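First comes one chain, alone, set out as structure tokens in the form deposited in one PDB entry.
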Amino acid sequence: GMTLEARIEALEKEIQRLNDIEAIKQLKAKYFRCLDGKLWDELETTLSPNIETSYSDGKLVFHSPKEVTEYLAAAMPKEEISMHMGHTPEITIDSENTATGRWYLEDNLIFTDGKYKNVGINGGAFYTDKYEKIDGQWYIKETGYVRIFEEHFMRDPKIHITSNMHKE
């Protein structure tokens, strides 16, 4: 049998796991919100401060959080509306300070002005993120993905874009 203290110890471990899972789901939510909102300084706070990290998605690789946000600010300019919509996470806490997260991504991109005016891009991907916990806080260290599909097309210029946060 188990004493009351043993049962408390078990509960403490279980609750810590659930708390970590929830913290990670909110971290990834914040990442997507900052990414699509183009809130680059805030997005930087989701990335690990441990610069032993190579900040990579398996394709693109950078050596600091600032390098990541400098790339993104250039790659995702005001003329590009983006939606990165995460679904159905599978978060595994791997240790006291490491974890893995599978996410099912849908992405939609719309170029409103410039050289790529009226280009639309839609896709899907399976991401597997790696996270680390530093001084009580979870951060994103790196990821990899399989692209389910991606399509590029020209949007009808007669479509009426009635709202655009990057103009308003």
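Each residue number is its position in the shown sequence, starting from 1. Just so we're on the same page, rigid core means the largest C-alpha set that superposes within 1.5 Å between forms.
Omitted from view is the form deposited in another entry, to which the following refers.
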item: Displaced residue between this form and the one not shown, judged on C-alpha after the rigid core is fitted, out of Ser56, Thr128, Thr45, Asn108 (threshold 2 Å or more); value: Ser56
item: Inter-Cα distance between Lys141 and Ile51 in that other deposited form, nearer or further [3 Å or more]; value: closer
item: Cα distance between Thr98 and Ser56, which in that other deposited form differs by 3 Å or more from this form, closer or farther; value: farther
